[PDB]
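For reference, the structure is listed below as structure tokens.
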There are 2 protein chains.
Amino acid sequence: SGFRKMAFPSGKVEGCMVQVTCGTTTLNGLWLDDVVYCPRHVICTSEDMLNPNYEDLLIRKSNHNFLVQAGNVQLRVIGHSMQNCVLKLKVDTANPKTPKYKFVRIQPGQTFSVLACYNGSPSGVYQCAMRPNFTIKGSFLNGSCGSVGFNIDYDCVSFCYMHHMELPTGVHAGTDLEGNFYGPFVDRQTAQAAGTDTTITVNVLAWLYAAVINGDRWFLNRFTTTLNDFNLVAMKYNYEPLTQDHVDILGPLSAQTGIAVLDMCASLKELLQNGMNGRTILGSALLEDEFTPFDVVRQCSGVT
Amino acid sequence: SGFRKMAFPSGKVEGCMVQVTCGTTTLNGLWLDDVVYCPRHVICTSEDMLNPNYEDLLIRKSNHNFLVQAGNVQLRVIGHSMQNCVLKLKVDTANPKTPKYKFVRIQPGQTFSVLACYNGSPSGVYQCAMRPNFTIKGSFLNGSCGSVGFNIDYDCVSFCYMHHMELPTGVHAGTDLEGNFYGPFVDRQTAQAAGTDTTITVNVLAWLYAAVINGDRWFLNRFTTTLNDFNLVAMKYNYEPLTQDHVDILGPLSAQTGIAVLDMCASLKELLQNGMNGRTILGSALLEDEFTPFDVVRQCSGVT
Ligand SMILES: NC[C@@]1(C(=O)Nc2cncc3ccccc23)CCOc2ccc(Cl)cc21
Ligand SMILES: NC[C@@]1(C(=O)Nc2cncc3ccccc23)CCOc2ccc(Cl)cc21
């Protein structure tokens with residue numbers, strides 16, 4: 001029992017973190033096999049960030065201008081290429097700690113763990129979600145660029161995020177491991193405002209199932225609703241629309257608790273309309289949406 | 001910017017996790033040097049837990065009855081001893097992944113990361129605090145016993161907790177690495193109720209400083225208070241008394257923000273008396289108390 005915002009164990013990713021320096025800019029890189037991935041803005045000065053032409057800036061860089069350091073040993077750069085907003089630095093040594101891996105591009109609502117790093121050294125690990133506006137609410141300081149987001153399936157690390165940018169509003173923007181930004185963000189120090197941060201409805205429902213499983217049942221009411229009726233209320237509260245696919249995904253949690261998904265929807269509808277009235281659910285005074293249905297099942301079953 | 005419930009990177013502790021089986025009971029162990037630490041209740045059957053005489057139960061166990069498995073290889077047990085509520089199993093192989101370590105007994109209010117494990121395999125990592133009633137609000141399922149709590153200082157892991165028990169109320173009880181329980185709990189399946197879960201005042205204040213640093217300033221008011229006046233209100237809200245030592249510990253955060261500690265206390269007093277009024281602080285609708293002043297400085301400075 002108990003339910004916590006749990007991140008995957010980070011060891012497999014810690015063994016991949018390197019420091020990349022280009023000139024006077026230092027950030028983090030991910031060393032998988034004989035390639036080091038990092039944000040392409042490692043080639044920029046603070047003045048370059050205002051209006052960078054990466055292709056032109058990159059012409060002035062050779063293999064030897066990219067200093068890659070693993071722990072306290074220097075890696076030899078034998079190649080470099082820009083792919084979208086990431087640089088891939090070919091090194092002469094395959095990472096001996098390379099775990100089994102995949103590069104995945106996640107959808108909004110999906111959760112992942114972040115291993116925040118500074119100077120190629122891991123400082124902490126936390127869980128977050130890809131917001132419906134394609135930002136992430138992370139914890140990143142200057143030097144954290146190149147920190148990655150990932151999920152683990154037994155022994156395979158699926159890398160889904162690389163940190164690049166912090167918007168003026170304190171939210172974060174980054175890419176998948178192919179260098180494509182999530183959302184409309186661009187790696188430039190220009191005014192970029194985030195869209196509406198809607199609540200991930202399917203995740204809130206999953207977390208209400210986790211609460212029932214852990215004994216917090218006060219919010220269960222005598223009502224039911226329909227997808228159309230629930231969504232009318234969800235729209236009004238800036239909640240993402242719930243679809244039959246989301247209902248299907250909540251099937252296993254519905255079976256575990258014996259509470260039909262549309263009954264849980266009616267409970268959520270009353271929670272939105274009436275508020276919490278000073279009460280808490282799983283130690284929270286707000287409805288949590290950064291636990292997917294898969295995270296609830298994994299945490300409540302013990303997948304290792 | 002951004003502030004998350006961040007755990008330490010777990011790799012150094014993942015390399016220590018082993019599975020310990022005694023008869024038909026299987027739990028987790030911590031392998032440091034040539035010793036494996038685990039809850040002494042590994043020798044109990046479910047019926048034994050009701051009224052176990054550990055010294056007597058242990059007489060019926062020899063070195064070969066303790067099966068220690070690291071990854072998928074069996075370790076040879078050449079000795080065993082009970083120290084308080086933990087068993088120390090001497091094995092013939094020193095853990096090659098043993099990090100630099102210490103065994104520390106933490107005080108209530110102190111935070112640590114937990115690497116939840118099942119069958120010696122890490123499933124997740126989260127941050128929690130030693131509650132003032134000596135329980136921890138963790139996330140532990142059956143088989144999670146032997147999972148450890150720790151803090152890291154650069155490359156030294158300070159192990160402070162080993163998970164043993166779940167109270168009927170869903171809160172958790174465990175020991176330091178010398179086998180002494182935190183609080184009055186005993187490793188027996190008997191009625192043990194927790195005391196008052198007071199709020200860690202110094203941690204709430206630290207988190208209010210983290211909020212100011214991250215831009216959430218709405219709750220800053222025009223008032224100040226005294227330690228005596230603040231504590232009168234803190235007692236009424238089941239908040240731990242604030243002392244001059246806590247004020248001293250908040251000194252660095254007070255300097256960073258320019259907000260005197262007693263002014264932050266007055267802000268907290270108004271928050272307790274008036275509530276949040278539907279507003280949030282660092283994405284929370286309640287006052288968070290599982291971030292120490294040291295965790296705030298570390299997260300807001302980037303200690304690796
Ligand atoms: N360092 C690159 C930089 C950045 O986002 N900084 C940061 C990113 N994340 C946390 C930060 C906390 C504090 C200070 C800066 C942070 C600088 C600002 O302009 C930009 C603009 C675009 C891009 Cl792709 C990167 C950047
Ligand atoms: N397995 C030992 C056991 C335990 O606490 N179980 C658990 C501990 N933590 C999470 C659990 C989630 C679900 C199921 C059991 C859990 C069993 C119950 O009686 C006791 C009594 C004392 C002690 Cl020192 C241990 C125990």
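By order of appearance in the structure tokens: chains A, B, ..., then residues from 1 within every chain, and ligands from 1 in the order shown.
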Taking only C-alpha atoms and all ligand atoms into account, produce a table as a Markdown table in which each residue of chain A with an atom at most 12 Å from an atom of ligand 2 appears once, together with its shortest atom pair and the distance in Å to one decimal, ordered by chain and rising number.
```
| residue | atom | partner | partner_atom_place_in_ligand_line | distance |
| --- | --- | --- | --- | --- |
| A:1 | CA | ligand 2 | 12 (C) | 5.3 |
| A:2 | CA | ligand 2 | 10 (C) | 8.6 |
| A:3 | CA | ligand 2 | 12 (C) | 11.4 |
| A:213 | CA | ligand 2 | 13 (C) | 11.7 |
| A:214 | CA | ligand 2 | 12 (C) | 10.3 |
| A:299 | CA | ligand 2 | 12 (C) | 11.6 |
| A:300 | CA | ligand 2 | 12 (C) | 9.7 |
| A:301 | CA | ligand 2 | 13 (C) | 10.3 |
| A:302 | CA | ligand 2 | 12 (C) | 10.4 |
```
Would you mind exporting N, CA, C and O atoms of the selected residues as a PDB file, in the first residue's frame?
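For reference, again.pdb as written:
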```
ATOM      1  N   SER A   1       0.817  -1.201   0.000  1.00  0.00           N
ATOM      2  CA  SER A   1       0.000   0.000   0.000  1.00  0.00           C
ATOM      3  C   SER A   1       0.866   1.272   0.000  1.00  0.00           C
ATOM      4  O   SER A   1       2.075   1.216   0.228  1.00  0.00           O
ATOM      5  N   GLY A   2       0.241   2.392  -0.304  1.00  0.00           N
ATOM      6  CA  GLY A   2       0.918   3.662  -0.457  1.00  0.00           C
ATOM      7  C   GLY A   2       1.104   3.927  -1.937  1.00  0.00           C
ATOM      8  O   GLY A   2       1.257   2.986  -2.733  1.00  0.00           O
ATOM      9  N   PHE A   3       1.077   5.190  -2.329  1.00  0.00           N
ATOM     10  CA  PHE A   3       1.208   5.542  -3.736  1.00  0.00           C
ATOM     11  C   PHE A   3       2.034   6.777  -3.856  1.00  0.00           C
ATOM     12  O   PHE A   3       1.687   7.819  -3.319  1.00  0.00           O
ATOM     13  N   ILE A 213      -7.784   1.526  -4.661  1.00  0.00           N
ATOM     14  CA  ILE A 213      -6.937   0.364  -4.349  1.00  0.00           C
ATOM     15  C   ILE A 213      -6.188   0.570  -3.028  1.00  0.00           C
ATOM     16  O   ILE A 213      -6.057  -0.363  -2.256  1.00  0.00           O
ATOM     17  N   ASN A 214      -5.751   1.797  -2.747  1.00  0.00           N
ATOM     18  CA  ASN A 214      -5.035   2.127  -1.519  1.00  0.00           C
ATOM     19  C   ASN A 214      -5.910   2.581  -0.347  1.00  0.00           C
ATOM     20  O   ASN A 214      -5.385   3.120   0.631  1.00  0.00           O
ATOM     21  N   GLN A 299       2.792   0.137 -10.452  1.00  0.00           N
ATOM     22  CA  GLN A 299       3.070   0.451  -9.054  1.00  0.00           C
ATOM     23  C   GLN A 299       2.266  -0.404  -8.109  1.00  0.00           C
ATOM     24  O   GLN A 299       2.786  -0.835  -7.080  1.00  0.00           O
ATOM     25  N   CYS A 300       1.019  -0.703  -8.472  1.00  0.00           N
ATOM     26  CA  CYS A 300       0.161  -1.532  -7.642  1.00  0.00           C
ATOM     27  C   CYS A 300       0.358  -3.046  -7.873  1.00  0.00           C
ATOM     28  O   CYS A 300      -0.275  -3.831  -7.185  1.00  0.00           O
ATOM     29  N   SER A 301       1.249  -3.464  -8.792  1.00  0.00           N
ATOM     30  CA  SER A 301       1.509  -4.893  -9.018  1.00  0.00           C
ATOM     31  C   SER A 301       2.956  -5.293  -8.745  1.00  0.00           C
ATOM     32  O   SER A 301       3.218  -6.450  -8.412  1.00  0.00           O
ATOM     33  N   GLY A 302       3.881  -4.349  -8.890  1.00  0.00           N
ATOM     34  CA  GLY A 302       5.290  -4.577  -8.600  1.00  0.00           C
ATOM     35  C   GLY A 302       6.136  -5.022  -9.773  1.00  0.00           C
ATOM     36  O   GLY A 302       6.989  -5.900  -9.616  1.00  0.00           O
TER      37      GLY A 302
END
```
For a quick test of understanding: name the residues of chain A lying within 6 Å of chain B when counting only C-alpha atoms, and present them as a CSV table (one decimal) with C-alpha atoms, in the first residue's frame.
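Output below, filename part_4.csv:
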```csv
chain,number,residue,atom,x,y,z
A,1,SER,CA,0.0,0.0,0.0
A,2,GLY,CA,0.9,3.7,-0.5
A,3,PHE,CA,1.2,5.5,-3.7
A,4,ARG,CA,4.1,7.7,-4.7
A,6,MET,CA,7.8,7.0,-8.6
A,7,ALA,CA,10.5,7.2,-11.2
A,8,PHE,CA,12.3,4.2,-12.8
A,9,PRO,CA,15.6,3.2,-11.3
A,10,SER,CA,18.2,5.4,-13.0
A,11,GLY,CA,21.4,3.3,-13.0
A,121,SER,CA,26.9,14.0,-13.6
A,122,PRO,CA,23.5,12.9,-12.4
A,123,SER,CA,22.0,15.0,-9.6
A,124,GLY,CA,18.5,13.6,-9.3
A,125,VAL,CA,15.6,11.7,-10.7
A,126,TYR,CA,12.0,12.5,-10.9
A,138,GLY,CA,10.5,19.6,-14.9
A,139,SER,CA,13.3,20.8,-12.6
A,140,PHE,CA,16.1,22.0,-14.7
A,141,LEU,CA,18.8,24.6,-14.0
A,170,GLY,CA,9.3,28.2,-16.1
A,285,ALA,CA,-5.4,18.3,-2.3
A,286,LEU,CA,-5.7,18.4,-6.1
A,304,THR,CA,10.5,-4.8,-11.9
```
Test item, helix (DSSP H, G or I) assignment across segment 26-260 of chain A, answer as a PDB file with C-alpha atoms, in the first residue's frame:
```
ATOM      1  CA  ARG A  40      22.749  21.069 -31.132  1.00  0.00           C
ATOM      2  CA  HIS A  41      22.837  24.392 -29.160  1.00  0.00           C
ATOM      3  CA  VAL A  42      26.126  23.193 -27.561  1.00  0.00           C
ATOM      4  CA  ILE A  43      27.763  25.040 -30.553  1.00  0.00           C
ATOM      5  CA  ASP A  48      24.162  33.080 -30.864  1.00  0.00           C
ATOM      6  CA  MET A  49      20.972  31.828 -29.153  1.00  0.00           C
ATOM      7  CA  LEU A  50      19.085  34.972 -30.157  1.00  0.00           C
ATOM      8  CA  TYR A  54      22.918  26.131 -36.793  1.00  0.00           C
ATOM      9  CA  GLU A  55      24.082  24.906 -40.198  1.00  0.00           C
ATOM     10  CA  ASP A  56      26.372  27.975 -40.485  1.00  0.00           C
ATOM     11  CA  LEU A  57      27.602  27.817 -36.891  1.00  0.00           C
ATOM     12  CA  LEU A  58      28.359  24.116 -37.340  1.00  0.00           C
ATOM     13  CA  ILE A  59      30.626  24.825 -40.382  1.00  0.00           C
ATOM     14  CA  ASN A  63      35.547  16.854 -34.506  1.00  0.00           C
ATOM     15  CA  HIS A  64      38.243  18.196 -32.090  1.00  0.00           C
ATOM     16  CA  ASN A  65      36.100  21.190 -31.019  1.00  0.00           C
ATOM     17  CA  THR A 201      -8.287  13.018 -17.867  1.00  0.00           C
ATOM     18  CA  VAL A 202      -7.348   9.348 -18.378  1.00  0.00           C
ATOM     19  CA  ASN A 203      -4.440   9.846 -15.924  1.00  0.00           C
ATOM     20  CA  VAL A 204      -6.666  11.449 -13.274  1.00  0.00           C
ATOM     21  CA  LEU A 205      -9.068   8.479 -13.601  1.00  0.00           C
ATOM     22  CA  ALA A 206      -6.175   6.031 -13.285  1.00  0.00           C
ATOM     23  CA  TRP A 207      -5.018   7.853 -10.131  1.00  0.00           C
ATOM     24  CA  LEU A 208      -8.587   7.715  -8.693  1.00  0.00           C
ATOM     25  CA  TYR A 209      -8.393   3.913  -9.238  1.00  0.00           C
ATOM     26  CA  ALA A 210      -4.992   3.880  -7.433  1.00  0.00           C
ATOM     27  CA  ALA A 211      -6.654   5.774  -4.561  1.00  0.00           C
ATOM     28  CA  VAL A 212      -9.520   3.218  -4.330  1.00  0.00           C
ATOM     29  CA  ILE A 213      -6.937   0.364  -4.349  1.00  0.00           C
ATOM     30  CA  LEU A 227     -18.781   9.736 -22.250  1.00  0.00           C
ATOM     31  CA  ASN A 228     -20.756  12.619 -23.838  1.00  0.00           C
ATOM     32  CA  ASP A 229     -22.090  13.922 -20.473  1.00  0.00           C
ATOM     33  CA  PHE A 230     -18.683  13.549 -18.764  1.00  0.00           C
ATOM     34  CA  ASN A 231     -16.870  15.307 -21.644  1.00  0.00           C
ATOM     35  CA  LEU A 232     -19.247  18.305 -21.464  1.00  0.00           C
ATOM     36  CA  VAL A 233     -18.018  18.837 -17.866  1.00  0.00           C
ATOM     37  CA  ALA A 234     -14.412  17.929 -18.722  1.00  0.00           C
ATOM     38  CA  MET A 235     -14.321  20.600 -21.485  1.00  0.00           C
ATOM     39  CA  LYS A 236     -15.563  23.247 -18.987  1.00  0.00           C
ATOM     40  CA  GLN A 244     -13.483   4.892 -25.823  1.00  0.00           C
ATOM     41  CA  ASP A 245      -9.731   4.120 -26.195  1.00  0.00           C
ATOM     42  CA  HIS A 246      -9.134   5.711 -22.763  1.00  0.00           C
ATOM     43  CA  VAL A 247     -12.049   3.625 -21.328  1.00  0.00           C
ATOM     44  CA  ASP A 248     -10.432   0.493 -22.803  1.00  0.00           C
ATOM     45  CA  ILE A 249      -7.060   1.408 -21.312  1.00  0.00           C
ATOM     46  CA  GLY A 251     -10.320  -1.707 -18.267  1.00  0.00           C
ATOM     47  CA  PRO A 252      -7.757  -3.525 -16.087  1.00  0.00           C
ATOM     48  CA  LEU A 253      -8.134  -0.942 -13.265  1.00  0.00           C
ATOM     49  CA  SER A 254     -11.943  -1.136 -13.561  1.00  0.00           C
ATOM     50  CA  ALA A 255     -11.699  -4.950 -13.180  1.00  0.00           C
ATOM     51  CA  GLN A 256      -9.330  -4.789 -10.171  1.00  0.00           C
ATOM     52  CA  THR A 257     -11.647  -2.463  -8.225  1.00  0.00           C
TER      53      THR A 257
END
```
Which neighbours of segment 70-82 of chain B fall inside 10 Å, counting only C-alpha atoms, when residues of the same chain fewer than 6 positions from it are skipped, and could you give them as a ChimeraX atom specification?
-> /B:15-20,29,31,34-40,54-55,58,61-64,88-95,119-121,178-179
Would you mind exporting N, CA, C and O atoms of the selected residues as a compact mmCIF listing (two decimals), in the first residue's frame?
```txt
# COMPACT_ATOMS: atom_id res chain seq x y z
N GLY B 15 23.12 -1.56 -7.61
CA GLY B 15 24.24 -2.49 -7.65
C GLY B 15 24.45 -3.28 -6.38
O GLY B 15 25.29 -4.18 -6.35
N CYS B 16 23.69 -2.96 -5.32
CA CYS B 16 23.75 -3.63 -4.03
C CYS B 16 22.56 -4.53 -3.76
O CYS B 16 22.57 -5.18 -2.72
N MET B 17 21.51 -4.50 -4.60
CA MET B 17 20.31 -5.23 -4.28
C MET B 17 20.40 -6.70 -4.63
O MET B 17 20.80 -7.09 -5.72
N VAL B 18 20.07 -7.51 -3.64
CA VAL B 18 20.05 -8.95 -3.81
C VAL B 18 18.73 -9.54 -3.32
O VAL B 18 17.96 -8.86 -2.62
N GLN B 19 18.45 -10.78 -3.70
CA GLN B 19 17.28 -11.48 -3.23
C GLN B 19 17.73 -12.42 -2.13
O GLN B 19 18.68 -13.18 -2.30
N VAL B 20 17.03 -12.40 -0.99
CA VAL B 20 17.32 -13.34 0.09
C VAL B 20 16.08 -14.21 0.29
O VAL B 20 14.99 -13.69 0.45
N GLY B 29 17.70 -7.96 0.03
CA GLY B 29 18.87 -7.76 0.87
C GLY B 29 19.78 -6.69 0.28
O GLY B 29 19.71 -6.40 -0.91
N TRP B 31 23.71 -5.85 -0.25
CA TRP B 31 25.01 -6.49 -0.28
C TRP B 31 26.11 -5.42 -0.31
O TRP B 31 26.31 -4.78 -1.34
N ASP B 34 31.37 -8.03 1.92
CA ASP B 34 31.00 -9.44 1.96
C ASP B 34 29.85 -9.70 2.93
O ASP B 34 29.79 -10.78 3.51
N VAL B 35 28.96 -8.72 3.15
CA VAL B 35 27.83 -8.90 4.07
C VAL B 35 26.54 -8.53 3.35
O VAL B 35 26.49 -7.52 2.62
N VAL B 36 25.49 -9.32 3.56
CA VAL B 36 24.18 -9.06 3.02
C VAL B 36 23.27 -8.73 4.19
O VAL B 36 23.17 -9.53 5.12
N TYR B 37 22.63 -7.58 4.17
CA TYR B 37 21.74 -7.16 5.25
C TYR B 37 20.32 -7.38 4.80
O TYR B 37 19.97 -6.99 3.70
N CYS B 38 19.47 -7.89 5.68
CA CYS B 38 18.06 -8.07 5.36
C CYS B 38 17.21 -8.07 6.62
O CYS B 38 17.76 -8.30 7.69
N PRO B 39 15.88 -7.86 6.53
CA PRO B 39 15.04 -7.96 7.74
C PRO B 39 15.14 -9.35 8.36
O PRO B 39 15.08 -10.36 7.65
N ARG B 40 15.29 -9.41 9.69
CA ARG B 40 15.37 -10.70 10.37
C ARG B 40 14.08 -11.52 10.17
O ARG B 40 14.15 -12.73 10.27
N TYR B 54 12.42 -14.59 17.59
CA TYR B 54 13.49 -14.64 16.59
C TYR B 54 14.70 -15.43 16.98
O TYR B 54 15.21 -16.17 16.16
N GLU B 55 15.17 -15.29 18.21
CA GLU B 55 16.33 -16.05 18.68
C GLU B 55 16.08 -17.57 18.58
O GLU B 55 16.96 -18.32 18.14
N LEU B 58 15.75 -18.61 14.80
CA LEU B 58 17.06 -18.57 14.19
C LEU B 58 17.91 -19.79 14.52
O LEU B 58 18.74 -20.18 13.69
N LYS B 61 18.05 -22.41 11.81
CA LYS B 61 18.61 -21.98 10.54
C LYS B 61 20.11 -22.07 10.55
O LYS B 61 20.76 -21.65 11.51
N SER B 62 20.65 -22.58 9.46
CA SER B 62 22.09 -22.67 9.24
C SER B 62 22.43 -21.78 8.04
O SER B 62 21.55 -21.37 7.28
N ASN B 63 23.73 -21.53 7.81
CA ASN B 63 24.21 -20.76 6.67
C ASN B 63 23.55 -21.14 5.34
O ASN B 63 23.13 -20.26 4.59
N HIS B 64 23.41 -22.46 5.07
CA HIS B 64 22.84 -22.97 3.82
C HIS B 64 21.34 -22.78 3.68
O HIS B 64 20.82 -23.01 2.59
N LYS B 88 22.62 -10.24 9.24
CA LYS B 88 23.79 -9.95 8.45
C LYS B 88 24.28 -11.31 7.99
O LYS B 88 24.53 -12.19 8.81
N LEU B 89 24.31 -11.53 6.68
CA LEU B 89 24.72 -12.80 6.12
C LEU B 89 26.07 -12.60 5.50
O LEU B 89 26.18 -11.88 4.50
N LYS B 90 27.11 -13.18 6.09
CA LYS B 90 28.43 -13.09 5.51
C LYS B 90 28.49 -14.01 4.31
O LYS B 90 28.15 -15.18 4.40
N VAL B 91 28.89 -13.48 3.18
CA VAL B 91 29.05 -14.25 1.95
C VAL B 91 30.56 -14.33 1.59
O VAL B 91 31.35 -13.54 2.10
N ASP B 92 30.96 -15.29 0.73
CA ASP B 92 32.39 -15.43 0.39
C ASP B 92 32.89 -14.47 -0.70
O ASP B 92 34.03 -14.60 -1.15
N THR B 93 32.03 -13.56 -1.17
CA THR B 93 32.40 -12.65 -2.24
C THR B 93 32.02 -11.25 -1.87
O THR B 93 30.86 -10.99 -1.53
N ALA B 94 32.98 -10.34 -1.91
CA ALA B 94 32.71 -8.94 -1.64
C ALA B 94 31.99 -8.41 -2.88
O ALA B 94 32.32 -8.80 -4.00
N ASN B 95 30.96 -7.56 -2.68
CA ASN B 95 30.23 -6.97 -3.79
C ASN B 95 31.16 -6.08 -4.59
O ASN B 95 31.66 -5.08 -4.08
N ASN B 119 12.08 -9.23 -5.15
CA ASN B 119 12.94 -10.34 -5.56
C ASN B 119 14.35 -9.86 -5.93
O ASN B 119 14.93 -10.31 -6.91
N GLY B 120 14.86 -8.89 -5.17
CA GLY B 120 16.18 -8.31 -5.39
C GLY B 120 16.32 -7.42 -6.61
O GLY B 120 17.43 -7.00 -6.95
N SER B 121 15.19 -7.13 -7.29
CA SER B 121 15.18 -6.32 -8.50
C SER B 121 14.49 -4.97 -8.28
O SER B 121 13.33 -4.90 -7.89
N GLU B 178 21.50 -0.83 11.33
CA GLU B 178 21.90 -1.58 12.50
C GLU B 178 20.71 -2.41 13.06
O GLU B 178 20.85 -3.07 14.07
N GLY B 179 19.56 -2.39 12.39
CA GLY B 179 18.41 -3.17 12.79
C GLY B 179 17.53 -2.56 13.86
O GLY B 179 16.64 -3.24 14.36
```
What is the atom CA of residue 165 of chain B-atom CA of residue 33 of chain B distance in Å, reported with one decimal?
->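 Going from atom CA of residue 165 of chain B over to atom CA of residue 33 of chain B covers 25.8 Å.
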One decimal, Å: what's the distance from atom 12 (C, counted along the ligand's line) of ligand 1 over to atom CA of residue 101 of chain A, could you say?
->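 Atom CA of residue 101 of chain A lies 28.1 Å from atom 12 (C, counted along the ligand's line) of ligand 1.
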Of the listed residues A:218, A:181, A:294, A:237, that which approaches ligand 1 most closely, counting only C-alpha atoms and all ligand atoms =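 Ranking A:218, A:181, A:294, A:237 by distance to ligand 1, first place goes to A:181.
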Contacts of residue 182 of chain A at 12 Å (only C-alpha atoms; same-chain gap of 5+ positions) as a PDB file with C-alpha atoms, in the first residue's frame:
```pdb
ATOM      1  CA  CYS A  85      18.027  19.729 -33.140  1.00  0.00           C
ATOM      2  CA  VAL A 104      10.647   6.475 -28.833  1.00  0.00           C
ATOM      3  CA  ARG A 105       8.569   9.571 -29.529  1.00  0.00           C
ATOM      4  CA  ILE A 106       5.895   9.718 -26.857  1.00  0.00           C
ATOM      5  CA  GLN A 107       2.378  11.215 -27.048  1.00  0.00           C
ATOM      6  CA  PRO A 108       0.988  13.871 -24.651  1.00  0.00           C
ATOM      7  CA  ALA A 129       4.549  13.790 -18.108  1.00  0.00           C
ATOM      8  CA  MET A 130       4.443  15.169 -21.622  1.00  0.00           C
ATOM      9  CA  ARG A 131       1.797  17.859 -21.167  1.00  0.00           C
ATOM     10  CA  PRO A 132      -1.023  18.187 -23.734  1.00  0.00           C
ATOM     11  CA  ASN A 133       0.639  21.514 -24.774  1.00  0.00           C
ATOM     12  CA  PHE A 134       3.949  19.567 -25.403  1.00  0.00           C
ATOM     13  CA  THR A 135       5.819  21.117 -22.513  1.00  0.00           C
ATOM     14  CA  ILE A 136       7.075  19.264 -19.431  1.00  0.00           C
ATOM     15  CA  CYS A 160      11.911   9.663 -25.203  1.00  0.00           C
ATOM     16  CA  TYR A 161      13.152  13.111 -24.227  1.00  0.00           C
ATOM     17  CA  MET A 162      16.224  15.271 -24.274  1.00  0.00           C
ATOM     18  CA  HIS A 163      16.087  18.568 -22.409  1.00  0.00           C
ATOM     19  CA  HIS A 164      16.879  21.723 -24.429  1.00  0.00           C
ATOM     20  CA  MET A 165      14.942  24.732 -23.271  1.00  0.00           C
ATOM     21  CA  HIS A 172      10.344  23.100 -20.275  1.00  0.00           C
ATOM     22  CA  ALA A 173      10.739  22.148 -23.922  1.00  0.00           C
ATOM     23  CA  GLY A 174      12.818  19.460 -25.521  1.00  0.00           C
ATOM     24  CA  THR A 175      13.118  16.861 -28.239  1.00  0.00           C
ATOM     25  CA  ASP A 176      12.872  13.132 -28.803  1.00  0.00           C
ATOM     26  CA  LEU A 177      16.293  11.382 -29.441  1.00  0.00           C
ATOM     27  CA  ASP A 187      15.880  26.102 -30.148  1.00  0.00           C
ATOM     28  CA  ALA A 194       2.912  27.581 -24.234  1.00  0.00           C
TER      29      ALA A 194
END
```
Counting only C-alpha atoms and all ligand atoms, the option among A:221, A:51, A:158, A:292 closest to ligand 1 |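 Answer, going by the shortest atom-to-atom distance: A:51.
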Could you name the residues that touch residue 262 of chain B at 6 Å or less, counting only C-alpha atoms, but leaving out those on the same chain fewer than 2 positions away, as a ChimeraX atom specification?
-> /B:224-225,260,264-265
Please return as a PyMOL selection string: the residues of segment 80-178 of chain A that backbone DSSP assigns to strand (DSSP E).
-> chain A and resi 80-83+86-91+100-103+111-118+121-129+148-153+156-166+172-175
